[PDB]
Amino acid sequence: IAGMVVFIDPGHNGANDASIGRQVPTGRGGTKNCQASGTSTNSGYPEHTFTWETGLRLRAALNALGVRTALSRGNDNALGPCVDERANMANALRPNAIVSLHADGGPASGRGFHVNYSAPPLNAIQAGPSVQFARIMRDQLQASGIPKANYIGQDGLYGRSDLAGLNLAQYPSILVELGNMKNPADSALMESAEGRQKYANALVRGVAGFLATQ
């Protein structure tokens, strides 16, 4: 899998202003907000820092495997690109795999991951390789000890039509919600360097697993 191209997207920006309410295409004919601030744990640990820090670990491990990588953003302290631009950046790289990282803000009772993929598919890639990617990633996250969400999606998977990053993708692309920041157990993982590394190692498996099918 050495030499393959992976686009990594740590969801959200390190900082925001009024410009995130700017309307950008959804990829399905409508518009949505350029960005969203994202959620956080009860103690104030932000989604945007979690995805940034976890993405860095993911990036490092893939780099060590000889995999080519690029980030949707390069910091956690300034404005980042809108959600359509992050898809366009990826498309320009014609990647073998695209992975977006997020963390949920759901009912405290719920915990665990779910993998989002574009549905119904807008192209052959979204209909095939991306679904295969989502399934492989789900199995690898599970085999690594990350529990599947029991409160959202079904069986750790979720067909979405509302995500611009997924809708606009022309290359294998999934968006992983790693867990629920509002859940005490999930947040304990997220707020820890050790937990973020576990998340990252699991992600590497899912990515490497899918890249190996190319």
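Residue numbers run from 1 along the displayed sequence.
Higher mean CA temperature factor, per the PDB entry, when comparing 30 to 38 with 49 to 57: 30 to 38.
You'll see in the entry that, of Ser72, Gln142, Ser100, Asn88, the Cα B factor peaks at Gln142. Among the modelled residues of its chain, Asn150 has a C-alpha B-factor that falls in the highest third according to the deposited record. Residue-level temperature factors show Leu62 in the middle third of its chain, judged at the C-alpha atom.
Among the modelled residues of its chain, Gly21 has a C-alpha B-factor that falls in the middle third according to the deposited record.
Among the modelled residues of its chain, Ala134 has a C-alpha B-factor that falls in the highest third, as given in the PDB entry. The entry lists a Cα temperature factor for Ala202 that places it in the middle third of the chain's modelled residues.
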